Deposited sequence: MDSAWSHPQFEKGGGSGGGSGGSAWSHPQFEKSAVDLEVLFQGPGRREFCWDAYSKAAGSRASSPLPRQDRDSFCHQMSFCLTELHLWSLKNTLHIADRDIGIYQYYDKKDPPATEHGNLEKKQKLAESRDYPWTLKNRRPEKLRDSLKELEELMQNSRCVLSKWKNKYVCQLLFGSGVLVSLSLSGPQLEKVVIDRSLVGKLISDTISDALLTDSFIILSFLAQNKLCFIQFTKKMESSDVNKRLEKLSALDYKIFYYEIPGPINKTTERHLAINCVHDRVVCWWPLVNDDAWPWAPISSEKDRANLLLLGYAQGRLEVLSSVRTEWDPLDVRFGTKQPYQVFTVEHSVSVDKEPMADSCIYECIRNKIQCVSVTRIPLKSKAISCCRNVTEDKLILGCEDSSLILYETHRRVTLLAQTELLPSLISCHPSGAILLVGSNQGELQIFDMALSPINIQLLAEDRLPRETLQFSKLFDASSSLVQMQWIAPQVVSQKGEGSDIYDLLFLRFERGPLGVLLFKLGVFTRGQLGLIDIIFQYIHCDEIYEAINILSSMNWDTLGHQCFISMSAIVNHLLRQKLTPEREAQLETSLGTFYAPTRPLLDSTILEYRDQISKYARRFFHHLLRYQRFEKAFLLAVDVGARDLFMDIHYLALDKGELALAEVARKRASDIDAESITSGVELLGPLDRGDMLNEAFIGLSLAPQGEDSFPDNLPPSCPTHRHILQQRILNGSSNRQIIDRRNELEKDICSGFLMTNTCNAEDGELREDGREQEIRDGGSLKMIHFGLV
């Protein structure tokens, strides 16, 4: 019954976007049951989210956006990126570069620069990288790496570099960029029977260069740069076992250097993946609607079933929430223990549902190609469709939380909804250590909830304290010592809670684990009044004295 409440802003002006009347959860820009539309106008205008866009100079926002919409429908987009929450650029295979700026969830500015179109000779750009100083371009049928350097920050110079890779006529060359702009990679899903399918590229001194190359042992599902030791190139390679069954191989390269690999068995072949912002969690979408999470610290593979094929996945930048998206518009929310979370669009009545259907959003054939939490709060999720509308999904993530949605906030909501079993699985996924502070507070919320109110709940109390007392993978000792005083106090209250009910044997075992002076006497006086346990408790008391 726990859910997140959201509102969608659809930036397209198309009349094919058949949002239902009184569907207050979705807003659309308008060009220059009607009473329900007017009522939504009143809400939108009482709010700071205008029903229509300015057509007035200098911005001419209505017209500049309309040209962007034409560009989206008539051309493939090779890149979309954000510089900050209000700044976006997107690039097309047409060679047109577009930048837009936002206020709140709403559009304020559109700029279209078509001057690059007649200057860049190309065949089918498949990919691009964007920085303020330069753009990197890649093509489906060429060994050309096209490099653009801006004299601004348009006024620019065009350079070309030769790509060393094989089969230039058909191979799709993917690109990625470090936050340190001095390093870039190019890669392709080579299948064959000179050898490299990944290049290490540098940038320095106004020039692009090739530094080195590797051949991976399996053809990658993804290639990404790390945020730590950022030059390091992480991959996820799907592979076939000698068992003739699918696996994911998380190879890492420092090139020819493969510094590490981890093999995770799969129920079915992976179709997508992403990394959690802490990088301690790898999530793969897979065939037959399966979702697999590997926790490196706990060294455990968790499985879950999903109601949609997870072709697109993206982590919330707080790291606490995963989104799973179908290309067909189904959306599902998961926590970091892979429990499903209900989704609701704003409405006058309360209706949490396990998935959200964006099939309601339009009658368009256009498919979802991107979900992205907007890069630097973070309550805005950018959506893009190919040959379809752009827009942003806003998450109304609490007032007292000040819009935050950490693992701690999910725990509090699960306490509020009494979803305790799920809250404990999350607590287990915290891995303590670096996250121990947030984990500790989440434990306290769970234990206080249960101590204030049955053997089923005792099992939950045992497990929650168990996440510290019996780790699936051991805690660092300094983590133990940081929380040792408070965890023991929460356990002491549980011992007393158990004694009030006729369950002395388990309470006895906890008294042994705690080992406090005279603690055993609390078993003795009750067992004294199963009467045999009273003498055992006397013996245990003597083991401290």
Quickly check which stretches of the deposited sequence aren't in the model, judged by C-alpha, and list them in order.
-> 1-77, 110-115, 237-251, 292-303, 366-369, 491-501, 579-580, 657-658, 675-790
